[PDB]
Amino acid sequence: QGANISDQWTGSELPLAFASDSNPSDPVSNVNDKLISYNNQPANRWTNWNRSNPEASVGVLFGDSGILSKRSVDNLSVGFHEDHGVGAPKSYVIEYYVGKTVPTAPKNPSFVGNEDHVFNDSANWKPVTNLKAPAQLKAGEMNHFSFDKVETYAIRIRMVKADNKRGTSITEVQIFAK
């Protein structure tokens, strides 16, 4: 297993987690903070609990040595969390950035859908190929995904909440270099 290319580094803008939308007290920066919690002791998660869109995406914008970088990516791990109000999504798509425009760091990374940004244009994303995924997503553990290697500035997981929940929830994601 190679270097972790999603974790935050102190004093570095990148890698940066981003989301289309978030419950504000559950910012997406929680997903790459190296804290993993499946409960409220402490609560540590991104969610879109009680937000208006049942679909949201969470992703990582890569960096090398403090500045933007493409990386070669073939994996994603996601620790779903669940309580009465949130849980694993009922459906998802994992996507990678293909825009010709070099992405900027979002001004408000937990709420990318509320600003003009390349990430909001579906032409700038393609789905990963030959996905290997769990047969069912499970809260309470790191759920591992693998796919054909791509060279990209960003990947994201775009997810629709379960019908019996008020949102989707993630305590941590991890992406590794080869």
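Don't overthink the numbering: it's just position in the shown sequence, from 1.
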> Can you tell me which stretch has the higher mean Cα B-factor, 98-106 or 82-90?
Replying inline: 98-106
> Quick one: higher average CA temperature factor, 47-55 or 134-142?
Replying inline: 134-142
>> Per the entry's Cα B factor values, which of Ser20, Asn164, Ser169, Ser25 stands out as the maximum?
In response: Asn164
> Which one of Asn114, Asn32, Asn124, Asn39 shows the biggest C-alpha B-factor in the PDB entry?
Replying inline: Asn124
> Would the CA B-factor of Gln1 place it in the lowest, middle or highest third of its chain?
Replying inline: highest
> Against its chain's modelled residues, does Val150's Cα B factor rank lowest, middle or highest third?
Replying inline: highest
>> Could you place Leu68 in the lowest, middle or highest third of its chain by Cα temperature factor, using the values in the record?
In response: highest
>> Per the entry's values, where does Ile157 land by CA temperature factor relative to the rest of its chain, in the lowest, middle or highest third?
In response: lowest
